[PDB]
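J.: This one's a deposited entry, sequence included:
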Amino acid sequence: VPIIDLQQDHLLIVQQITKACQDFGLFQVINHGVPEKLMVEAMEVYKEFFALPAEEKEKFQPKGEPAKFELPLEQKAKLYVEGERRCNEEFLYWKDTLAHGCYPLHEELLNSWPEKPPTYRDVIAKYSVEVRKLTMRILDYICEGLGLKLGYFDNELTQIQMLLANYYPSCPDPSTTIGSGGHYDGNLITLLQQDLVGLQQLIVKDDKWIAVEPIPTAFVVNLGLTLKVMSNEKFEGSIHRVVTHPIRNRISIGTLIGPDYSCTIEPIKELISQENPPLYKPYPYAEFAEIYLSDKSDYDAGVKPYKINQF
Ligand SMILES: O=C(O)CCC(=O)C(=O)O
Ligand code: NA
Ligand code: NI
Ligand SMILES: [Sr+2]
Ligand SMILES: [Sr+2]
């Protein structure tokens with residue numbers, strides 16, 4: 001798993017990011033310019049949030065129950081559950097996610113965010129601005145690696161910025177060791193902050209799941225299915241999963257950037273050529289999203305209906 005220092009020479013960064021995108025669809029970045037103090041404060045906010053009493057968490061349960069990952073995927077803050085498991089043949093546990101949009105930060109959106117812990121809005125608004133800035137920088141390195149003009153993705157293709165704070169209860173003897181099953185992210189690009197082992201990447205060419213080392217001040221970058229399609233498979237998407245920790249409750253902070261639901265997705269036209277014919281026909285992001293969220297029969301079930309020029 002490449003670890004890319006963003007204070008190296010510009011051209012080296014472009015070259016290393018491009019190779020990682022071609023080879024794996026996942027890499028880590030260090031010396032990335034986001035304040036370490038802000039990364040630590042954001043993790044502390046989520047530790048404090050997930051430790052709040054059940055009565056506080058009811059504020060994020062629409063109509064009194066957790067949300068599910070199904071359309072419409074709203075931007076107002078909600079608690080989501082998934083993946084029920086049995087621990088020690090005794091207690092049930094699940095994967096909890098607090099998720100909300102971040103951009104644009106409309107007053108109506110901000111007022112859906114937690115107000116306890118009391119530093120939530122200040123810390124997480126600052127965090128979201130910094131992580132978006134880093135994401136857009138990485139997308140520009142990707143533009144240069146693909147041969148596209150800088151700023152290609154600075155439009156409706158990055159209109160949605162979802163923050164997903166995941167909480168994985170520990171279990172030493174779980175019904176299943178996987179707390180989050182293997183998936184591609186459906187969006188364009190994701191930045192993930194972690195501080196505890198559990199994230200693994202599927203090396204498809206080697207049919208092997210390998211650890212993504214936790215570096216608490218780094219960001220893990222993983223390319224989503226939308227970028228796999230837009231790059232016409234010149235870049236890989238990342239298939240990744242999370243293993244429940246035996247001892248510690250694990251928290252990760254994901255920033256998932258991607259298109260609006262009114263967007264049409266297709267391979268970037270300027271890169272298509274006679275020897276690089278399009279491998280997907282254009283499709284509505286919202287129709288893709290419905291399939292992506294519903295059909296788990298294959299990792300790329302969401303885009304299978306749109307594949308073309310298959311040989
Ligand atoms: O918890 C993690 O490290 C991964 C989270 C993830 O893959 C997701 O939310 O899409
Ligand atoms: Na625990
Ligand atoms: Ni993911
Ligand atoms: Sr409830
Ligand atoms: Sr092998």
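T.: Received it, and whenever you're ready, just let me know what you need. Numbers count the residues shown, from 1 in each chain. Ligands and ions are numbered 1, 2, ... in the order given.

J.: What sits closest to the closest residue to ligand 1 within the stretch 51-200 of the chain if chain neighbours are left out?
T.: Closest contact between the stretch 51-200 of the chain and ligand 1, by Cβ to the nearest ligand atom, is at residue 199 (4.1 Å). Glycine gets a C-beta too; all of them are placed from N, C-alpha and C. Using Cβ to Cβ, 6 or more residues apart in numbering and skipping the chain neighbours, the partner closest in space to residue 199 is residue 212 (4.2 Å).

J.: Likewise for residue 114?
T.: Distances taken as Cβ to Cβ, 6+ apart place residue 120 nearest to residue 114, at 4.5 Å, with adjacent residues excluded.

J.: Could you do residue 35 as well?
T.: Residue 35's closest residue in space is residue 130 (Cβ to Cβ, 6+ apart), at 6.9 Å.

J.: So residue 163 versus residue 261, what's the distance?
T.: Residue 163 sits 18 Å away from residue 261, going by Cβ to Cβ, to the nearest Å.

J.: what's next to stretch 80-96, contact-wise?
T.: If you take Cβ atoms under 8 Å, 6 or more residues apart in numbering as the criterion, stretch 80-96 is touched by 50, 66-69, 79, 97-99, 166-169, 171-176, 179-181, 244.

J.: Please name the residues that touch residue 249.
T.: Applying Cβ under 8 Å, 6+ apart, the residues near residue 249 are 50, 167, 168, 169, 170.

J.: So which of the residues you listed is the closest to residue 303?
T.: Closest to residue 303 out of the contacts of residue 249 is residue 168 (27.6 Å), distances taken as Cβ to Cβ.

J.: Can you name the residues that contact the closest one?
T.: Applying Cβ under 8 Å, 6+ apart, the residues near residue 168 are 95, 179, 180, 198, 242, 244, 245, 249, 250, 251, 252.

J.: before we move on, what about residue 256?
T.: Residue 256 makes contact with 160, 161, 162, 163, 164, 185, 187, 190, 224, according to Cβ under 8 Å, 6+ apart.

J.: can you pull up the bridge partners for it?
T.: residue 162, residue 190 (DSSP bridges).

J.: now the strands: where do they sit in the stretch 51-200 of the chain?
T.: 78-87, 91-101, 160-168, 178-184, 189-193, 199-203 (DSSP state E, counting those that start in this stretch).

J.: Enumerate the residues of this protein near ligand 4.
T.: Contacts of the chain with ligand 4, taken as Cβ under 5 Å from the ion, map to 61, 64.

J.: tell me the contacts of the residue of the stretch 151-300 of the chain found nearest ligand 2?
T.: Nearest to ligand 2, among the residues of the stretch 151-300 of the chain, is residue 170, at 3.7 Å (Cβ to the ion). Counting by Cβ under 8 Å, 6+ apart, residue 170 touches 244, 245, 246, 247, 248, 249, 250.

J.: Kindly write the PyMOL command that selects the buried subset of those residues.
T.: The buried residues among those can be selected in PyMOL (16 or more other Cβ atoms under 10 Å) with this line:
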select buried, resi 244+245+249+250
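
J.: Out of the contacts of residue 170, which sit inside helices?
T.: In helices, defined here by DSSP state H, there are no members of the contacts of residue 170.

J.: Now tabulate the contacts of residue 170 in CSV and tack on distance to residue 231.
T.: Output for the contacts of residue 170, formatted as CSV (distance: Cβ to Cβ, whole Å):
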residue, distance to residue 231
244, 33
245, 34
246, 38
247, 39
248, 37
249, 36
250, 31
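
J.: Nearest to residue 61, out of the contacts of residue 170: which one, please.
T.: Using Cβ to Cβ, residue 249 is the member of the contacts of residue 170 that sits closest to residue 61, with 19.8 Å.

J.: about what we covered before: restrict the contacts of residue 168 to contacts with ligand 2.
T.: Within the contacts of residue 168, those near ligand 2 by Cβ under 5 Å from the ion are residue 249.
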